[PDB]
Amino acid sequence: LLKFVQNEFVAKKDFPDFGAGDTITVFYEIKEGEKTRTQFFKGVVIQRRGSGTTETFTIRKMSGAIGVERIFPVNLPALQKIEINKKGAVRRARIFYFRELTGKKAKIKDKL
Amino acid sequence: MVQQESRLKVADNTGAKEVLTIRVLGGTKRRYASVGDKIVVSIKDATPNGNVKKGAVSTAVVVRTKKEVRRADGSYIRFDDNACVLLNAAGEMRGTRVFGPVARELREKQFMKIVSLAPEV
Amino acid sequence: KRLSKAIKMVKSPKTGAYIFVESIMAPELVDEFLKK
Amino acid sequence: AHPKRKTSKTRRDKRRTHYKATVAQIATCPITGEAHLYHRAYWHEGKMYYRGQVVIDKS
Amino acid sequence: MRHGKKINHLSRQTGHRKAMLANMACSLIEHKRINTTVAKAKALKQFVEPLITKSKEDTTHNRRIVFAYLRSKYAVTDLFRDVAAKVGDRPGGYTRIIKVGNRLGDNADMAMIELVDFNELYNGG
Amino acid sequence: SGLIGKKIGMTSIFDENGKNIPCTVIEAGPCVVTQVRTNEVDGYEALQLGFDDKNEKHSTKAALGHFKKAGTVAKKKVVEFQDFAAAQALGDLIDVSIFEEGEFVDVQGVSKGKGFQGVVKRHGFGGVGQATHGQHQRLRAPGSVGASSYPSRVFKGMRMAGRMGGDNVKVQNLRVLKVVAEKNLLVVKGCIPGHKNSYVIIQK
RNA sequence: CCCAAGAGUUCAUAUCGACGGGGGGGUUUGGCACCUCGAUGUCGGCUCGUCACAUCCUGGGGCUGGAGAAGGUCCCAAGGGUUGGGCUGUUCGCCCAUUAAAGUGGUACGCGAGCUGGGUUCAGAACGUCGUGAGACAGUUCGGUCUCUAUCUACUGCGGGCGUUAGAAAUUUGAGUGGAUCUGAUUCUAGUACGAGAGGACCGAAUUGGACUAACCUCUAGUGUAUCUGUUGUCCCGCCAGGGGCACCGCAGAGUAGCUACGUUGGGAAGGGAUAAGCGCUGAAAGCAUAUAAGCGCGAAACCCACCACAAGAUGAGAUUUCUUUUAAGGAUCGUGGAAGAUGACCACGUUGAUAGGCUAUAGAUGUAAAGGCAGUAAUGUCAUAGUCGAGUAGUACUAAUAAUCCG
RNA sequence: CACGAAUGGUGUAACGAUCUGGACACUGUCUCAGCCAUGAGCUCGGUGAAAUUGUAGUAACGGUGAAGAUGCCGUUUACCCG
RNA sequence: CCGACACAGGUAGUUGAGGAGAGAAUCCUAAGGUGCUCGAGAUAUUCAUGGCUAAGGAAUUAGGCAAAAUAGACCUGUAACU
RNA sequence: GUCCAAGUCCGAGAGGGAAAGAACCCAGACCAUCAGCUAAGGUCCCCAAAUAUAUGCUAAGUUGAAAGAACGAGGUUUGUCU
């Protein structure tokens with residue numbers, strides 16, 4: 001059964017609950033010339049797309065003046081200790097307008 | 001995905017701002033060039049002081065693409081602009097600085113000179 | 001490492017002469033291709 | 001395009017062999033004896049019988 | 001290719017189709033049995049089953065939800081007053097479809113789409 | 001050296017050393033040997049395998065009598081395999097155990113039918129010209145179908161529009177990943193022709 | 001192709017070869033005027049291909065003024081491949097950047113009942129020149145209607161009838177036919193052999209790409225006139241609240257199933273036989289010599305197998321297992337549907353039934369419904385991760401799949 | 001070769017559904033096509049033409065021939081009807 | 001009425017409303033008049049009229065042909081040349 | 001191909017042969033006949049008649065229809081001189 005394969009051949013993670021609008025930091029395990037080191041990516045979660053064991057989430061940051069977006073599958077054997085700084089306060093499921101939008105005013109709305 | 005007649009932004013202190021793609025090297029009828037692929041370009045801006053002239057023909061590598069590119073581990077990278085870095089007559093970069101981040105796929109192709117002086121990789 | 005070409009002769013039944021059958025194999029696997 | 005030769009009464013008769021009609025699937029109900037189409041209802045006398053029972057009684 | 005399109009356009013626009021499906025439901029509610037074609041009846045069944053299902057609980061929200069579909073207070077009140085009281089606690093399938101032959105103008109297969117709880121003479125088997 | 005399965009779905013797992021791998025689940029249930037064709041009465045060595053049992057209502061008397069000479073009863077899918085590995089007689093069962101972890105298989109399946117398709121979607125022809133530079137009604141036309149008076153005929157094999165449909169296709173050495181035997185799983189890597197819940201022939 | 005004065009440091013034939021001669025092909029310009037003027041539509045380009053080898057690349061060799069690598073020339077070989085732009089209506093041609101290569105030609109200078117009309121030969125106007133003039137130019141420029149519902153045959157697909165020697169339900173052998181045959185870069189062998197140095201391999205073994213093609217929708221991406229939400233104008237539901245109609249689906253933000261590529265996976269792998277150019281063994285005719293006359297060993301992407309698909313209407317109509325031996329086995333009509341499909345056909349089910357819908361739950365889409373309370377002067381926010389949908393999945397006969405008939 | 005001064009010569013602001021060359025924005029014009037809606041088309045019920053037509057049970061190759069063959073010669077292929 | 005037709009053509013003048021609007025434009029409606037004298041299934045190929053397309057942005061073509069893009073009111077500002 | 005001269009044939013001409021050819025070879029059709037002899041050309045089968053006889057050549061499927069070169073060669077049979 002497909003449901004029997006999914007929850008048995010993919011190691012589930014223990015990451016907190018986040019969605020669109022949240023600001024997170026993801027620590028992955030970048031490999032190199034026979035030495036692996038952790039690297040952090042801090043950005044706003046744009047969308048979370050998927051059903052289970054194959055779902056991904058997209059996170060966007062601004063490395064100076066150039067925007068960088070990255071898509072991570074949640075059940076990656078390299079993701080470690082996702083941290084959450086801000087939280088939500090949006091009105092959409094996929095905040096796609098946040099990609100074609102920059103400046104000081106369109107950063108994020110705070111959640112009360 | 002950059003092909004012929006595509007305008008790119010040159011990301012280094014060589015003395016150019018905008019460039020135009022002429023050819024995608026690497027075989028017959030090659031369609032596109034993602035990050036790490038070599039292309040032939042023609043300078044079109046040529047900043048006043050500069051080290052290159054407007055109208056010259058050179059070779060470059062695609063550093064940042066706007067098209068989401070997939071890795072082996074299942075992740076994706078997607079920048080916000082199509083950028084390139086010029087190359088010497090041989091397999092070497094001309095210049096000493098690189099503006100903005102680069103892609104990690106530029107490391108598996110022995111572009112250590114380009115990857116060892118960028119802000120982020 | 002390095003391979004080893006083993007050329008062994010045999011009495012072909014299609015004619016009756018001595019043909020030649022070579023094959024690239026391991027330097028330590030030529031003993032099992034010459035006994036057959 | 002235009003036909004080059006007049007279609008003979010043999011070539012036009014060998015073609016009208018699948019142009020035949022199709023006899024309907026007629027059934028009979030062992031209640032009132034009236035014939036009807038299979039899997040269809042029918043009006044016998046101010047009523048509508050379907051499967052031995054009565055659906056409408058407009059008598 | 002329509003490998004999964006479970007909806008019949010009935011040779012009508014997206015507005016005309018919904019208008020006709022909302023106009024046939026009011027008729028099927030005010031008269032407990034109407035005579036249509038086969039495809040239109042099969043579409044009206046799938047359009048009217050969830051409405052009668054929602055009608056089994058008289059709330060101010062469900063009334064407005066059913067009104068957004070029927071677009072006629074005369075059918076809303078007649079669906080919530082006696083149709084819901086006569087349906088009772090049926091698991092499902094509040095309507096039946098019976099073919100009654102063919103038409104004459106265009107030779108279309110007809111049907112007699114009816115409510116199950118309002119016909120006391122027919123059972124089926 | 002051969003089995004029958006049913007395509008369940010498709011998902012993606014991660015290898016033990018990083019990279020993601022797409023995979024397809026094949027509920028390769030226990031097949032039963034129905035008839036062993038020898039080289040003395042037929043003329044070649046092979047054996048039939050039946051996969052999914054039927055009822056006593058849909059089955060034929062001929063099929064009932066044919067499967068009564070065996071163990072389990074009339075099957076939904078019966079297919080004849082050849083060149084097995086272990087000599088086995090009638091009534092034997094092969095569940096999943098014929099495959100290993102890391103081997104290659106040659107899954108064969110019936111594709112899904114597209115119906116009557118034009119030349120552009122069937123063979124890959126491209127247009128007749130542009131879309132606005134005088135183009136009148138040949139945006140998806142085949143073009144020409146031959147030359148002038150020589151040969152004055154359309155050559156046999158001309159690629160034209162017809163029912164694309166779904167035929168039998170082999171997938172040419174998909175790699176096996178999981179061979180779980182308790183629940184018949186046979187998780188292989190790659191795609192498989194056909195819709196879900198479709199029968200497939202897994203040749204080892 | 002024949003002869004060879006020479007040129008090639010000396011040496012005619014590594015390479016070129018004058019003065020002369022003998023032929024093959026019918027792709028150029030011609031000669032003839034043999035079928036068509038009660039019409040054989042003419043250049044260029046697009047789509048679609050197919051054929052020859054007089055071979056551009058890949059494949060196998062001989063010679064060399066071949067140390068190696070790069071070359072020159074000749075022989076065998078048609079399986080696959082043979083790029084994108086600037087100028088010009090262009091064919092052609094020049095140029096720019098790549099590639100292993102950017103082949104030569106035929107098919108009415110292939111293809112206009114397949115497309116365009118940019119050029120050329122229609123009517124308007126102007127320039128240069130000729131003619132007194134009307135007018136003309138292998139001189140130039142701007143504009144200028146491309147008709148037809150496929151009868152026969154030829155192709156691509158799908159069915160009905162009958163026959164295979166009694167009839168059915170399945171699984172198959174194969175007489176044959178069709179499809180795919182591409183190739184780069186890097187590493188080790190090895191800076192080894194060779195070479196004074198520079199430079200730099202044969203053979204063999206791995207890694208990873210480009211183009212093409214088939215399948216699939218797990219990921220990315222597009223659509224998604226099922227679905228959800230926000231908002232504008234006006235009309236309607238008696239009024240407020242809340243909704244509905246129309247305005248390109250009114251517009252805007254998403255989107256499951258499905259269909260696709262821009263995505264994922266796989267393939268062109270390996271192994272035989274007879275060979276072409278060519279390389280040898282033994283050996284005479286012809287006491288020697290000689291790969292050949294007898295007999296043997298190698299030898300290419302060419303051919304026959306091999307890989308994939310179809311295939312007994314293969315009338316030469318095959319074989320096996322089981323059932324029934326004439327209203328028997330069984331098939332069909334009709335109905336519920338499809339992952340099947342133009343219509344036939346195909347597949348599952350038809351009450352001793354889970355085939356479709358409904359219902360109960362849920363994967364999931366959208367994003368916090370309506371009514372009411374609280375805060376403010378109000379617009380609004382909160383209690384309130386809720387409402388609506390659920391093209392998918394599972395369980396339940398509530399609804400529809402008859403209690404007919406036909407062939408055998 | 002072979003402009004030329006009222007069959008006017010040289011310029012010219014504004015104007016032109018005029019002709020020609022170039023730049024920005026923009027886009028399916030294209031790389032390279034993909035998805036969706038209605039009408040036509042497809043099946044069924046009703047009415048119902050026309051152009052065209054010597055008779056036809058109307059194959060392929062090589063060749064001959066008024067010099068480019070469905071009908072001629074030799075070989076090959078092809079169950080009947082849509 | 002004039003066009004052979006119960007024909008997507010032509011036919012002088014007068015009245016010709018509301019909301020937003022300068023407007024008789026434009027969208028929805030008044031009074032009033034119509035649903036256009038063949039329909040039903042199904043949701044192939046293909047054509048006609050439309051909608052949306054990731055990256056590139058004329059690389060297409062004889063030619064930016066066709067589509068897309070700017071479009072309202074109020075302010076700031078506005079070159080060579082003449 | 002074209003323009004003359006000496007003949008024949010087609011034109012205006014059937015029949016037989018070269019596989020099919022207006023002219024090439026034989027041969028000038030008053031009818032009817034299930035009679036015989038011959039011309040060109042042939043006698044293994046398609047397709048009438050020799051798998052007939054005597055002598056020699058060819059090893060190339062040359063050839064069995066028509067039609068080929070300059071220039072090579074230690075293929076073979078045969079005559080003379082030497």
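Protein chains get the first letters and strands the later ones, always in sequence-line order, with residue 1 at the start of each.
- Nucleotide H/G82 is annotated as paired to G/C158 [Watson-Crick or G-U wobble, both distances under 3.5 Å].
- The stacking criteria are not both satisfied for F/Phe116 over the base of I/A44, which would need a centre-to-centre distance under 5.5 angstrom and an angle between ring planes under 30 degrees.
- Among the atoms of the strands shown, only primed sugar atoms or phosphate atoms (P, OP1, OP2) are found under 4.0 Å from some heavy atom of F/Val171.
- If you check every strand for non-hydrogen atoms under 4.0 Å, F/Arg138 touches sugar and phosphate atoms only.
- Counting non-hydrogen atoms under 4.0 angstrom, C/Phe20 reaches the backbone sugars and phosphates but no base.
- Pairing check for G/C127 against G/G139: the two satisfy the Watson-Crick or G-U wobble geometry, each of the two atom distances being under 3.5 Å.
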Do any N or O atoms of the protein come closer than 3.5 Å to N or O atoms of nucleotides 281-284 of chain G, and which pairs are they?
none

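- Side-chain contact, D/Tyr50 with E/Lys99: no donor N or O sits under 3.5 Å from an acceptor N or O.
- Salt bridge absent: A/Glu55 and A/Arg49 never bring a charged side-chain N and a carboxylate O closer than 4.0 Å.
- Taken together, G/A113 and G/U10 do not constitute a Watson-Crick or G-U wobble pair, since the relevant N/O distances do not both lie under 3.5 Å.
- Heavy atoms of E/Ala39 sit under 4.0 angstrom from primed sugar atoms or phosphate atoms, though from no base atom.
- The existence of a salt bridge linking B/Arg30 and B/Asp37 is confirmed by a sub-4.0 Å separation between a basic side-chain nitrogen and an acidic carboxylate oxygen.
- Within 4.0 Å of E/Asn107, counting heavy atoms only, lie sugar-phosphate atoms of the nucleic acid but no base atom.
- Judged by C1'-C2'-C3'-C4', the furanose ring of J/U43 adopts a north pucker.
- Its glycosidic angle being within 90° of 0, G/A54 falls on the syn side.
- Within 4.0 Å of C/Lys14, counting heavy atoms only, lie sugar-phosphate atoms of the nucleic acid but no base atom.
- Between D/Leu37 and D/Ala24, the closest heavy-atom pair is CD2-CB, 3.7 Å.
- Comparing atom distances between the F/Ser144 side chain and each of G/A329, G/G110, G/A205 picks out G/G110 as nearest.
- Contacts between residues 9-17 of chain D and RNA chain G, counted as heavy-atom distances below 4.0 Å, involve D/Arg11.
- Looking at heavy-atom distances under 4.0 Å, F/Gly134 makes contact with sugar-phosphate atoms alone, never a base.
- Taken together, G/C188 and G/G178 do not qualify as a Watson-Crick or G-U wobble pair under the 3.5 Å criterion applied to both distances.
- Remark: the backbone N or O of B/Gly27 is not paired with any side-chain donor or acceptor of B/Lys29 at under 3.5 angstrom.
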Below 3.5 Å is the cut-off: list the nitrogen or oxygen pairs between protein and nucleotides 316-320 of chain G, distance only.
residue	atom	partner	partner atom	Å
G/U320	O2'	F/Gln35	NE2	3.4
G/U320	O2'	F/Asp42	OD1	3.3
G/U320	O2	F/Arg37	NH1	3.3
G/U320	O2	F/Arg37	NH2	3.0

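- In terms of modelled atom types and a separation under 3.5 Å, the side chain of E/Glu114 and the main chain of E/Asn119 share no donor-acceptor contact.
- Not one N or O on the side chain of E/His61 forms a donor-acceptor pair closer than 3.5 Å with the backbone of E/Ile65.
- Under the 3.5 Å cutoff applied to both distances, G/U385 and G/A150 fail to qualify as a Watson-Crick or G-U wobble pair.
- In G/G233 the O4'-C1'-N dihedral to the base is more than 90° from 0, which defines an anti nucleotide.
- By the rule that a glycosidic angle within 90° of 0 means syn, G/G117 counts as syn.
- G/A269 makes up no base pair with any nucleotide shown, lacking Watson-Crick or G-U wobble contacts both under 3.5 Å.
- Regarding contacts with the backbone of G/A401, a side-chain N or O of D/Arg51 is found under 4.0 angstrom from either OP1 or OP2.
- As rounded to the nearest Å, G/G106 and G/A54 have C1' atoms that lie 13 Å from one another.
- Nucleotide G/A311 carries an anti base; the chi torsion (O4'-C1'-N9-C4 or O4'-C1'-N1-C2) is more than 90° from 0.
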- Stepwise side-chain contact (heavy atoms from CB on, under 4.5 Å) test for B/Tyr76 and A/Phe72: CA-CA 7 Å; B/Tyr76 295 81; A/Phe72 283 103; over 6 Å; no
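- With both distances required under 3.5 Å, G/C246 does not pair with G/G157 in Watson-Crick or G-U wobble fashion.
- If you check G/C37 for Watson-Crick or wobble pairing at under 3.5 angstrom, you find it has no partner at all.
- Judged by the 3.5 Å cutoff on both pairing distances, G/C248 and G/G93 do not qualify as a Watson-Crick or G-U wobble pair.
- Spacing between J/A18 and J/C25 at atom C1', rounded to whole Å, works out to 9 Å.
- Note on E/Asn102: nothing from the nucleic acid sits closer than 4.0 angstrom, heavy atoms only.
- Within the nucleic acid shown, E/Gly4 comes within 4.0 Å of at least one base atom, counting heavy atoms only.
- Nucleotides J/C47 and J/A60, compared at atom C1', are 31 Å apart to the nearest Å.
- Rounded to whole Å, the separation between the P atoms of G/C155 and H/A60 comes to 8 Å.
- Here F/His195 lies parallel enough and close enough to stack on the base of G/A339, with planes under 30° and ring centres under 5.5 Å apart.
- Counting non-hydrogen atoms under 4.0 angstrom, F/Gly124 reaches nothing in the nucleic acid.
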- Watson-Crick and G-U pairing of RNA chain I written in dot-bracket, each distance under 3.5 angstrom, with | for inter-strand partners: ((......))......((((.....))))........||||....||||||||.||.......|..................
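- Within the 4.0 angstrom heavy-atom criterion, only backbone atoms of the sugar-phosphate kind lie near F/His136; the bases stay farther away.
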Report each atom pair, protein N/O against N/O of nucleotides 34-41 of chain H, whose distance is under 3.5 angstrom.
residue	atom	partner	partner atom	Å
H/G34	OP2	F/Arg140	NH1	3.0
H/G34	OP2	F/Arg140	NH2	3.4
H/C36	OP1	E/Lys5	NZ	3.4
H/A37	OP1	E/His9	NE2	3.4
H/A37	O2'	E/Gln13	OE1	3.4

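- Checking I/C47, H/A56, G/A370 against the side-chain heavy atoms of E/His61 singles out G/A370 as nearest.
- Spacing between G/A168 and G/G271 at atom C1', rounded to whole Å, works out to 45 Å.
- Comparing G/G80 with G/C304, their P atoms sit 13 Å apart, to the nearest whole Å.
- When heavy atoms are screened at a 4.0 angstrom cut-off, F/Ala161 is found touching base atoms of the nucleic acid.
- The bases H/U20 and H/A56 are not paired as Watson-Crick or G-U wobble with both atom distances under 3.5 Å.
- The furanose ring of G/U181 falls on the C2'-endo (south) side of the pseudorotation cycle, as its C1'-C2'-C3'-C4' torsion is below zero.
- Taking atom P in both G/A214 and H/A78, one finds a spacing of 30 Å when rounded to whole Å.
- Stacking is found between D/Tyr38 and the pyrimidine-like six-membered ring of the G/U402 base under the 5.5 Å centre-distance and 30° plane-angle cut-offs.
- Taken together, H/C61 and H/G74 constitute a Watson-Crick or G-U wobble pair, since both relevant N/O distances lie under 3.5 Å.
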N/O to N/O distances under 3.5 Å, protein versus nucleotides 236-238 of chain G:
residue	atom	partner	partner atom	Å
G/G238	OP2	E/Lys73	NZ	2.8

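- One P atom belongs to G/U264, the other to G/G210, and the distance between them is 10 Å to the nearest Å.
- Between G/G357 and G/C398 there is a base pair of the Watson-Crick or G-U wobble kind, both of its two distances falling under 3.5 Å.
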